[PDB]
Amino acid sequence: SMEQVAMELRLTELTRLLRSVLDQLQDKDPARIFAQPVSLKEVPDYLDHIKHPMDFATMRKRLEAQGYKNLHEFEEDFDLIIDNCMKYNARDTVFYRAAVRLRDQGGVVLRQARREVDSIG
């Protein structure tokens, strides 16, 4: 059907918008603390602490498989990256502080993205 192609053109454009948003969020992590999954070889107890690990590379795989249906889904994954880090690492650590900064800075990008997803449709 034609509608299915229209829908897919919308999913495709959203994917285009989310890719740009993802790139902008990742630029706010110049240290690359959030680039890849936490290593279970190097943090073998990690899953005792964190039930749903997330990281920018895992978000990118989903993105390119058009696995985000809406912005809310994408934001959930971004908030996991932040929230997991602030639970696992203590307040006084480089890791926790990087998550605070990513959160604050990411907020501006996400605010405009929401207006663009609404505005474009």
Side-chain angles (χ1 to χ4, degrees), residues 1-2 4-6 8 11-15 17-40 42-60 62-68 70-110 112-119 121:
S1 104
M2 187 58 239
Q4 292 316 307
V5 174
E8 288 154 18
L11 190 54
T12 289
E13 280 308 305
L14 169 70
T15 303
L17 193 141
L18 296 184
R19 188 180 296 120
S20 169
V21 178
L22 183 66
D23 288 346
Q24 285 178 70
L25 296 176
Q26 197 156 14
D27 292 331
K28 308 313 177 161
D29 176 32
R32 303 191 67 89
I33 293 167
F34 307 107
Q36 296 295 325
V38 170
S39 171
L40 310 181
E42 292 162 16
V43 190
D45 78 347
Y46 187 65
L47 306 187
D48 300 333
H49 293 274
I50 298 296
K51 295 307 167 189
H52 297 105
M54 196 39 63
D55 71 83
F56 290 131
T58 305
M59 288 191 63
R60 205 177 292 279
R62 185 163 166 194
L63 181 61
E64 295 306 332
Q66 299 190 341
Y68 296 113
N70 52 51
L71 184 57
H72 179 76
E73 290 188 343
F74 179 97
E75 291 173 300
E76 284 192 342
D77 271 356
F78 177 69
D79 288 328
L80 281 178
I81 293 168
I82 300 312
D83 288 341
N84 291 343
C85 188
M86 296 174 73
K87 283 161 196 69
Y88 190 82
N89 304 101
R91 186 148 56 250
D92 71 337
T93 59
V94 67
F95 307 108
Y96 177 110
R97 290 157 176 283
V100 168
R101 293 163 62 80
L102 184 52
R103 189 198 60 183
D104 288 342
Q105 297 202 278
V108 182
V109 169
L110 293 177
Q112 201 54 44
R114 159 59 61 206
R115 301 189 63 82
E116 284 167 319
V117 161
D118 286 2
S119 186

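Position 1 is the first residue of the sequence, and the numbers go up from there. Values below: all heavy atoms of this structure, side chains included; hydrogens, waters and symmetry mates excluded.
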A.B. asks: How close do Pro53 and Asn84 get, counting heavy atoms only, and between which atoms?
C.D. replies: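 Closest pair (atom of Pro53, atom of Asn84, distance): CA-ND2, 3.7 Å.
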A.B. asks: Mind checking the CG-CG spacing from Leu22 to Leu17? Nearest 0.5 Å is all I need.
C.D. replies: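 Output value for this atom pair is 11.5 Å.
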A.B. asks: Can you see which heavy atom on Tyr68 is nearest to which on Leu11, and at what distance?
C.D. replies: O-CD1, 3.3 Å
A.B. asks: To the nearest 0.5 Å, how far apart are CG in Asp79 and CE in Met54?
C.D. replies: 11.5 Å
A.B. asks: Using side-chain contact (heavy atoms from CB on, under 4.5 Å), reason through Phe56 and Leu25 one step at a time and then give a plain yes or no.
C.D. replies: CA-CA 9 Å; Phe56 290 131; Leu25 296 176; 4.2 Å; yes
A.B. asks: Report the residues that fulfil ring pair (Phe, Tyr, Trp, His ring centres under 6.0 Å) with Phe78, sequence neighbours left out, ordered by chain and then residue number.
C.D. replies: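 Once residues adjacent in sequence are excluded, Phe78 has no partner under the ring pair (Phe, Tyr, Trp, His ring centres under 6.0 Å) criterion.
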A.B. asks: With no hydrogens and no angle check, just 3.5 Å: does a side-chain donor-acceptor pair link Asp23 and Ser20?
C.D. replies: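 Their side chains do not contain a donor-acceptor pair, so the 3.5 Å distance test is not met.
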A.B. asks: Between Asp118 and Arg114, is the closest basic N to carboxylate O distance under 4.0 Å?
C.D. replies: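 Counted as a salt bridge, because a side-chain N and a carboxylate O are separated by less than 4.0 Å.
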A.B. asks: State the CZ-CG distance between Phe34 and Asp55, to the nearest 0.5 angstrom.
C.D. replies: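 So the CZ of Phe34 and the CG of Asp55 are separated by 11.0 Å.
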A.B. asks: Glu76: what forms a side chain to side chain contact (heavy atoms under 4.5 Å, CB included) with it, not counting sequence neighbours?
C.D. replies: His72
A.B. asks: Distance from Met59 atom CE to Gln26 atom CD, nearest 0.5 Å?
C.D. replies: 9.5 Å
A.B. asks: For the pair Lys51 (side chain) and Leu47 (backbone), establish whether a donor and an acceptor sit closer than 3.5 Å, ignoring hydrogens and angles.
C.D. replies: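 Side chain of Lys51 to backbone of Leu47: a pair is present.
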A.B. asks: Without swapping roles, check the side chain of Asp45 against the backbone of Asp48 for a donor-acceptor pair under 3.5 Å.
C.D. replies: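 No, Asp45 side chain to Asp48 backbone: no donor-acceptor pair under 3.5 Å.
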A.B. asks: To the nearest 0.5 Å, how far apart are CG in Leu18 and CD in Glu116?
C.D. replies: 10.5 Å
A.B. asks: Using 0.5 Å steps for rounding, measure from the CG atom of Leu110 to the CD atom of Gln24.
C.D. replies: 9.5 Å
A.B. asks: What verdict does the side-chain contact (heavy atoms from CB on, under 4.5 Å) test give for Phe74 and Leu14, after you've listed the backbone C-alpha separation in whole Å, the side-chain angles of each residue and the deciding distance to 0.1 Å?
C.D. replies: CA-CA 11 Å; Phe74 179 97; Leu14 169 70; over 6 Å; no
A.B. asks: Counting only pairs under 3.5 Å, give me each side-chain donor-acceptor contact of residues 90-102, with atom names and distances, residues two or more places apart or in other chains.
C.D. replies:
from, atom 1, to, atom 2, distance (Å)
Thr93, OG1, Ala90, O, 2.6
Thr93, OG1, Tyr96, N, 3.1

A.B. asks: Over all heavy atoms of both residues, which pair between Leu80 and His52 is shortest? Give the atoms and the distance, please.
C.D. replies: CD1-O, 3.7 Å
A.B. asks: Can you list the steps and then say if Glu8 with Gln66 is a side-chain contact (heavy atoms from CB on, under 4.5 Å)?
C.D. replies: CA-CA 9 Å; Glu8 288 154 18; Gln66 299 190 341; 5.8 Å; no
A.B. asks: Salt-bridge test for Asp77 and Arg60: reply yes if a basic N is under 4.0 Å from a carboxylate O, no otherwise.
C.D. replies: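 Salt bridge flag = no for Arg60 with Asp77.
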A.B. asks: Evaluate the side-chain proximity of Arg62 to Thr58: yes if any heavy-atom separation is below 4.5 Å, no if none is.
C.D. replies: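 No, too far: nothing below the 4.5 Å cut-off.
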